[PDB]
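# Observations on the three-dimensional arrangement
Okay, here's what each chain looks like letter by letter:
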Amino acid sequence: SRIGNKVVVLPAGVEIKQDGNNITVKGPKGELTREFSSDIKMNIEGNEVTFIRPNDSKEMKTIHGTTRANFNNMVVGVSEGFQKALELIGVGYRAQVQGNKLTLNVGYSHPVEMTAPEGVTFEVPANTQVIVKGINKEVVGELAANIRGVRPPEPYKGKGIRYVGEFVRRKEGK
Amino acid sequence: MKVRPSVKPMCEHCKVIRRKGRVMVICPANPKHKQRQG
Amino acid sequence: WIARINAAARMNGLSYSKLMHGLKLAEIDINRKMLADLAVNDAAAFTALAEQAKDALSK
Amino acid sequence: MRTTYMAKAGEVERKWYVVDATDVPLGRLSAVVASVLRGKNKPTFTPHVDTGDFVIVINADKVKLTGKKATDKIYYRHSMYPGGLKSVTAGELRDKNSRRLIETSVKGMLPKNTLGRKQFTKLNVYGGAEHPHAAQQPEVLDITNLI
Amino acid sequence: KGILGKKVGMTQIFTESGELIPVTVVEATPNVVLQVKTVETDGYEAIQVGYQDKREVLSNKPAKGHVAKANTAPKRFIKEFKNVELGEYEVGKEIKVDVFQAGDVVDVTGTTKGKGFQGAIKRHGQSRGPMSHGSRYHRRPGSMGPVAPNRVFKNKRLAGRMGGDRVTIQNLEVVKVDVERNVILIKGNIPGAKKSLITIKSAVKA
RNA sequence: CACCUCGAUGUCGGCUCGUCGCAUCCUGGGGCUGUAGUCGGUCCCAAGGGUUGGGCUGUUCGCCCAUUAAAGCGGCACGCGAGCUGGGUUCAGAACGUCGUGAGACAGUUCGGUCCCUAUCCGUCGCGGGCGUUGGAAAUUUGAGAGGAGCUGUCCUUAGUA
RNA sequence: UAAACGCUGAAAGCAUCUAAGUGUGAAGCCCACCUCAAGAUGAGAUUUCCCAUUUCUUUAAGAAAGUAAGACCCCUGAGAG
Ligand SMILES: [K+]
Ligand SMILES: [K+]
Ligand SMILES: [K+]
Ligand SMILES: [K+]
Ligand SMILES: [K+]
Ligand SMILES: [K+]
Ligand SMILES: [K+]
Ligand SMILES: [K+]
Ligand SMILES: [K+]
Ligand SMILES: [Mg+2]
Ligand SMILES: [Mg+2]
Ligand SMILES: [Mg+2]
Ligand SMILES: [Mg+2]
Ligand SMILES: [Mg+2]
Ligand SMILES: [Mg+2]
Ligand SMILES: [Mg+2]
Ligand SMILES: [Mg+2]
Ligand SMILES: [Mg+2]
Ligand SMILES: [Mg+2]
Ligand SMILES: [Mg+2]
Ligand SMILES: [Zn+2]
């Protein structure tokens, strides 16, 4: 029952490069790098990676778990990437993507224009469905949150942008 | 957000946590249970 | 005198408190006026006194 | 007998030291530097005359602020106009003007008199590792053991 | 963009559509770039500009030497312009009113007319005291402050010399430019007495 | 309570001038809502600016009229009388009710009634002289630091849309 | 940056705005706009001008005495007072 002790595998052909800090991961989706802590020691197998903490102090446990999760997310992003799926709901709400530019008409007097960073892209399979797809989970989450915040859900009628499947309490406004 | 000196869980879903040195009660069920110590 | 003796003792690898403790152990009764005079003028003699103090402290 | 030595202005030779502030707590750096500037490190110390040495502080931008001082230690100053209180955090001063940070810390420790102000003028602080006072042939002053 | 001129005076002009607007006539005999300052030599970028040719007997050998580089007669007024493109300017270059066009929005700087020693009522627009009902308090500057400080706070405004200050009016409109007469007509009124120095610059706010 | 002041520390209100605190009246940001919307309620952050003209009364206060985005609460000797006023309160006159046998007095009212001072020092607002800034001069300048400014309505359109 | 809201994230397999990491966010803070400002004795910077004289003392950062560049006295005045 410990993320820090739980091992990390390397499916497909993901590669990892070590360095005093700034551990790097490479694979089909792309590359990633994070300045991992110098205290948690990483052991590498042909396909399995493990993290060990020097002791059992509060700080070592905390940093151990965080680093293991961070490395795991780096590998999983490089392998499969990440995606946030947003489902905008409204009478005339719609979305459309031109390249790395996303235009949202969500009831405001003006459209809302959003720009993806180089590591992220917008799919927009439909006019009411958006998908932020990237490699870095943090970047994907931040972009998805910004899109959602452009017009967050409201309780009475459900209008607004929602993460696909997120629960939305609805009040029975009179 | 109820800002008060006494922050306690109001229902079984309320969870007491600490953010930036302040005691906070965050409840996924009822937003009215959102409390901060202050 | 104490400040000057402190400076000289530090240059000799010793704090004023340690120096005076060592001198008392070594039975040296030279007072602070004379010690400050040696520190400013006769650095060699002051070093000899400091060495005796360090020897006494070691013992 | 009244034979105690009293230094004369101009007879004592003031040296030049270089102090690297990298990761040294601000206060401890200031304390050792203040003693040197006053001349407390030399036997010829005479309270009513200046006998300390010049100090060149380098890497001021890397001085260390333990705890939450970086954002919570506040330097105030009043313009003497009503409501003319200005404040700036120690962290902001370190990032933008670290020379002032070191100088203010050292000013607080030197005496508040004519001799103290003159002794302060012998202080030179430079964020970064290089200074223009090579002509004075300053020598390094390790302080790892002094702090 | 900037220029130095002399506040000739005020008149009014009929625009198209028949509207009537007040204009200030500012004459600017071609200014000359006397020096170019750079980060290399001075640490900041700007151009020194001279205006209003001066009689030689009114100039000094050091002043003549300074203007010799630009190869022009001594100038009465000299000022530095910042936020300009140094590449476009060189010592000896001339600046004419044609640098501006009608409809430009500019900031005009001048030195306010001096009123001399003035009381608080005029100088700071403070309220008089009652003129009757037994009042012996008409044009005085009010209370100096509360008791507790045992002093007077700074900025307790009082009588003193009024005017003669550097004042900038922002967003004035260049109504017209006459290159033949080196005249700029600026909508409105600008600080300074007639024949005083005036500095026109492209509005910073714009 | 009686610690400074009785070889005097001037008392209410108003005027002039403000300045500060935030427990915020408006404007700004936000959480919750028994928040559909327009309005709100409550709480959190926020003191940058602004926060009125009259009738009555000596008044503060308060009621009223008419506005405003708002008409905040307080400290500063209930700020500010060597800056002003002096209507009220505490002198001498006179009168009413009342008490007293009385002179008189208030458990109360009413009419009338001297507000002195040439700024020495600090402080504040302006303006010069001297010297310094390390050869002597003429100009132009960077900006350590400081001050100023900081408010807000209504209408139109988006849209009679959500 | 405040309140507030996060993203990722363990301690605590979950959850979690935080511990590390990372973001949005106010008429408020630092700028931005205006003015003063190197007596900022830390007295800054740039351009230009004058030129190394004379006499006596003493090696003196000596003294004085003519000046140079320049400034002022004095005088006519105002856009200044
Ligand atoms: K008394
Ligand atoms: K609210
Ligand atoms: K405020
Ligand atoms: K009235
Ligand atoms: K007040
Ligand atoms: K009076
Ligand atoms: K008084
Ligand atoms: K005094
Ligand atoms: K100067
Ligand atoms: Mg309770
Ligand atoms: Mg009035
Ligand atoms: Mg005082
Ligand atoms: Mg008693
Ligand atoms: Mg007395
Ligand atoms: Mg508050
Ligand atoms: Mg009072
Ligand atoms: Mg008074
Ligand atoms: Mg009777
Ligand atoms: Mg009574
Ligand atoms: Mg009468
Ligand atoms: Zn709950």
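Residues numbered from 1 in each chain as written, not as in the entry; some residues may be left out. Chains lettered and ligands numbered in written order. Part of a larger assembly, values for the part shown. Heavy atoms only, no water.

Turning next to the packing of aromatic side chains. A ring pair, where both rings are aromatic, is described by two values, the distance of the centres and the angle of the planes. Considering all chains together, one arrives at four aromatic pairs over all chains under this definition. Ring centres of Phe51 of chain A and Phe71 of chain A lie 5.3 Å apart, and the angle between their planes is 65°; on these two criteria the pair is classed as edge-to-face. Taken together, the positions of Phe51 of chain A in strand β6 (residues 48-52) and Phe71 of chain A in helix α1 (residues 58-80) put the pair 20 residues apart, joining distant regions of the chain. Centre to centre, the rings of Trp16 of chain D and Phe54 of chain D are 4.3 Å apart; their planes meet at 5°, and the pair counts as stacked. Of this pair, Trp16 of chain D sits in strand β1 (residues 16-20) while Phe54 of chain D sits in strand β2 (residues 54-58), placing them 38 residues apart in sequence. The exposure classification of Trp16 of chain D matches that of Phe54 of chain D, with both residues buried. (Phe/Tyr/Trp six-rings, centres within 6.5 Å; stacked < 30°, edge-to-face > 60°. Helix = DSSP H or I, 4+ residues; strand = E, 2+ residues; numbered from the N terminus. Buried < 20%, exposed > 50% of the residue type's maximum accessible area, 1.4 Å probe, protein only.)

Counting residues at the interface gives 14 residues for chain D and 10 residues for chain C. Here chain D and chain C share an interface that buries about 880 Å² over both sides, 54% of which is from carbon and sulfur atoms. Looking at the side of chain D facing chain C, the largest losses of area belong to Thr4, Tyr5 and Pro43 of chain D, adding up to 56% of the total buried there. At the surface where chain D touches chain C, the tally comes to zero salt bridges. The interface formed by chain D and chain C includes five residue pairs in polar contact. Broken down by class, the residue content of the side of chain D that touches chain C amounts to six nonpolar, five polar and three charged. (Contact = heavy atoms within 4.5 Å. Buried area = accessible area lost by both parts, 1.4 Å probe. Salt bridge = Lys/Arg side-chain N within 4 Å of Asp/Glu carboxyl O. Polar contact = N/O pair within 3.5 Å; in protein donor to acceptor, adjacent residues only side chain to side chain. Nonpolar A, V, L, I, M, F, W, Y, C, P; charged D, E, K, R; others polar.)

Close to RNA strand F lie 58 residues; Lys159 of chain A, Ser79 and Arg100 of chain D together with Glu80 and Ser143 of chain E are nearest. Between RNA strand F and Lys86 of chain D there is a distance of 2.6 Å, counted from a phosphate oxygen to a side-chain nitrogen or oxygen. Between RNA strand F and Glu80 of chain E, the relevant distance is 2.5 Å, taken from a sugar or linking oxygen to a side-chain nitrogen or oxygen of the residue. Residue contributions to the surface near RNA strand F peak at three residues, all from strand β5 (residues 75-81) of chain E. (Near = heavy atom within 4 Å.)

With that out of the way, let us pick up the UniProt feature "binding site: Zn(2+) 2" (unreviewed entry) in chain B. All names here are of chain B. In this structure's numbering, the residues bearing the UniProt feature "binding site: Zn(2+) 2" (unreviewed entry) are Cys11 and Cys27. In terms of the greatest pairwise C-alpha distance, the residues named above, spread along 17 residues, form a tight cluster of at most 8.2 Å across. Tracing the backbone shows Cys11 in the loop between β1 (2-4) and β2 (15-19). Judged by relative accessible area, which is 19%, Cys11 ranks as buried. Within the secondary structure, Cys27 is located in the loop between β3 (22-26) and β4 (35-37). For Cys27, the residues in contact, after removing those within four places along its chain, are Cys11, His13, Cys14 and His33. (UniProt positions renumbered as here; feature names shortened; annotations may be inferred.)

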